[PDB]
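# A look at the structure
For reference, the chains in residue letters:
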Amino acid sequence: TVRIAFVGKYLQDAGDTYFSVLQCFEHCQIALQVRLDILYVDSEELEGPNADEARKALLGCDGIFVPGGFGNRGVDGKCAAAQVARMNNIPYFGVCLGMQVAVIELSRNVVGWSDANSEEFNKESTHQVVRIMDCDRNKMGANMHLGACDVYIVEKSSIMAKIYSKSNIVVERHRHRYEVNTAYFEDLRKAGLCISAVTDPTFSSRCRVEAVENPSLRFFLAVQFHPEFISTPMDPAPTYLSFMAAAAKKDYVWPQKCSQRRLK
Ligand SMILES: [Cl-]
Ligand SMILES: [Cl-]
């Protein structure tokens, strides 16, 4: 059995929020032939004076997963999940908010910006490592990115390159508003983060980060897109599949060519 820490809420109070996420995990479970055992962890237990108690629970897991979530509930705990993963070489997979907390985590604990945050959770931060792009913004509000988008895999040695069968461009679907702040790419890179996929291969101020990795570690990957929006039992999301593979301590044969479901 493969123990995965699922960092968000208890089953009781999740509703149907993780319906598609759990479907994807199930596609993967079948493709890999592994007994998945998800630990549903309340992210708020990973913050405060007692958090070492919750951290211990994560250390006994084979993988640590942070899904998309809503509001600012448990952001510091989700960052703390990413920290445990990074410091202990426990496979990590983050989706949307899961990628944002990997960035915030790294900014606080390695870059040394104690006040690093997303603009979403702390408008007063002097290190808004995640923020709304200027081109998306109004005086009244900002774009809600939904739908399909070209994703450029820009690091040939990355997890992304591998799991998408060396395709240079793939197509994934979105639901987000805030992007990684392009002004801090150097600092993130210096701190060990690889920007492995982007919307714009020239890395301008309009370059939207689609995937980050930490190649010092066995498996540390976080994506902006929601991979669970494209997954079937026969064609599971490669991102989720590779995470579960790493957690199970198993290999997997990637196809010679990326499935057409994720190509233009
Ligand atoms: Cl949560
Ligand atoms: Cl891998």
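Residues numbered from 1 in each chain as written, not as in the entry; some residues may be left out. Chains lettered and ligands numbered in written order. Heavy atoms only, no water. Residues with missing side-chain atoms left out of burial classes, pairs and counts.

In the PDB archive, X-ray crystallography is given as the structure determination method for this entry, at a resolution of 2.10 Å.

## Remarks on the overall build of the chain
Selection rule: Comment: elements are numbered from the N terminus, with helices defined as DSSP H or I runs of at least four residues and strands as E runs of at least two. In this description the radius of gyration comes from C-alpha coordinates, and the expected globular size is given by 2.2 Å times residues to the power 0.38. Note on contacts: a residue pair is in contact if any heavy atoms of the two residues lie within 4.5 Å.
Scanning the chain from N- to C-terminus turns up 8 helices and 12 strands. Expected size for 264 residues packed as a compact globule is a radius of gyration near 18 Å; at 17 Å, the chain falls within 12% of this value. Principal-axis analysis of the C-alpha atoms gives the chain an extent of 50 × 45 × 35 Å. Restricting the contact set of the chain to residue pairs at least 6 apart, pairs at least 24 apart contribute 69%.

## Some points on the sheet that holds strand β5 (residues 117-118)
We count it as follows: Note on pairing: two strands pair once DSSP finds at least 2 bridges between them. Axis lines are fitted through C-alpha atoms, for helices just across the contact stretch, and the angle between N-to-C directions can take any value from 0 to 180 degrees.
One open sheet holds the 3 strands; their spatial order is β5-β6-β9, and the pairing between them is mixed. Single-partner strands in this sheet number two, and they are β5 and β9 (179-180). The pairing of β5 with strand β6 (residues 128-131) spans 2 bridges and is classified as parallel. Looking across to β6, one finds that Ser118 is bridged to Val130. Along the sheet, helix α5 (residues 97-111) makes contact with β5, β6 and β9, crossing β6 at roughly 165°.

## Observations concerning the sheet that holds strand β12 (residues 220-223)
Across the sheet, 9 strands lie side by side as β2-β1-β3-β4-β12-β11-β10-β7-β8; this open sheet has mixed pairing. Looking at which strands have only one partner, the edges of the open sheet turn out to be β2 (36-42) and β8 (169-176). Between one strand and the next, the sheet's axes are offset by a mean angle of 25°, whatever the strand orientation. In this sheet, β12 lies alongside strand β4 (residues 92-95) in parallel orientation, the contact comprising 4 bridges. Looking at the pairing, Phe93 lines up with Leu221 of β12. Sheet contacts for helix α2 (residues 19-32): β1 (2-8), β2 and β3 (63-66); angle to β2, the most-contacted strand, approximately 155°. In the packing of helix α4 (residues 75-88) onto the sheet, contacts are made with β1, β3, β4 and β12, and the angle to β3 comes to roughly 150°.

## A few points about the nonpolar core
Which entries qualify depends on this criterion: Residues enter a nonpolar core if they are buried and are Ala, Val, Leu, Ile, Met, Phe, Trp, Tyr or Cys, with the set joined through side-chain atoms within 4.5 Å. When accessible area is computed with a 1.4 Å probe and restricted to protein chains, residues below 20% of their type maximum are described as buried, those above 50% as exposed, and intermediate ones as partly exposed.
Membership of the largest hydrophobic core comes to 47 residues, with the highest contact counts inside it found for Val7, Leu46, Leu58, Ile64, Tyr92 and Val129. The residues touching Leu46, leaving out its near neighbours within four places in the chain, are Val7, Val41, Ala51, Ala54, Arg55, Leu58, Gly77, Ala80 and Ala81. Grouped together as the second largest cluster of nonpolar side chains are 43 residues, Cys96, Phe225, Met244 and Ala248 included.

## What about the pairing of β1?
Residues in a regular strand point their side chains to alternate faces of the sheet. Most of β1 sits out of view: 6 of its 7 residues are buried. Bridging between β1 and β2 involves 7 bridges; their strand directions are parallel. In the strand pairing of β2, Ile4 is matched with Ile38. One ladder, built from 3 bridges, connects β1 with β3; its direction is parallel. When the bridges of β3 are listed, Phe6 appears paired with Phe65.

## Looking at the layout of surface pockets
Keep this limit in mind: The definitions used throughout rest on a 1 Å grid laid over the protein atoms alone, on which a cavity is an enclosed set of points accommodating a 1.4 Å probe that cannot get out and a pocket is an open set flanked by protein within 12 Å on both sides along at least five of seven lines; lining residues are those having an atom within 4 Å of a point. Grid points are joined across faces, edges and corners, and a volume is the space filled by probe spheres set on the points. Residue polarity is assigned by list, with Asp, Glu, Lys and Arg as charged and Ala, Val, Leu, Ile, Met, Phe, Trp, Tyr, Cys and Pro as nonpolar; anything else, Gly included, falls into the polar class.
In this model, the largest pocket occupies a volume close to 500 Å³. In terms of lining residues, the largest pocket is bounded by 24 residues, among which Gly68, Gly69, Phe70, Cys96 and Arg175 are the most central. Mapped onto the lining of the largest pocket, the elements with two or more residues apiece are α2, α5 and β8. Here the element with the most residues in the lining of the largest pocket is α2; it accounts for 3 residues. Class assignment for the residues of the lining of the largest pocket results in 11 nonpolar, 8 polar and 5 charged.

## Description of the packing of aromatic side chains
What counts is decided by this rule: Here a pair means two rings of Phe, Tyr or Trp (six-membered ring of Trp) with centres within 6.5 Å. Their orientation is stacked below 30 degrees between planes, edge-to-face above 60, and tilted elsewhere.
Tallied over the full model, the rule gives 16 aromatic pairs. Ring centres of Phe6 and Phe25 lie 6.3 Å apart, and the angle between their planes is 50°; this geometry places the pair in the tilted category. Within this pair, whereas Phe6 is found in strand β1, its partner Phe25 is found in helix α2, the two being separated by 19 residues in sequence. Just as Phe6 is buried, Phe25 falls in that class too.

## Brief notes about the pattern of salt bridges
Selection rule: The working definition used for a salt bridge is a side-chain nitrogen of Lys or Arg within 4 Å of a carboxyl oxygen of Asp or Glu.
Taken as a whole, this structure holds 14 salt bridges when the rule is applied. One salt bridge in this structure joins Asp62 and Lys249, with 3.5 Å as the shortest N-O distance. Of this pair, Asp62 sits in the loop between α3 (52-59) and β3 while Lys249 sits in the segment after α8 (238-248), and the two are 187 residues apart along the sequence. Looking at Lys249, the relative accessible area reads 69%, which means it is exposed. In this structure, a network of salt bridges that share partners links the residues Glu119, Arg131, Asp134 and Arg137.

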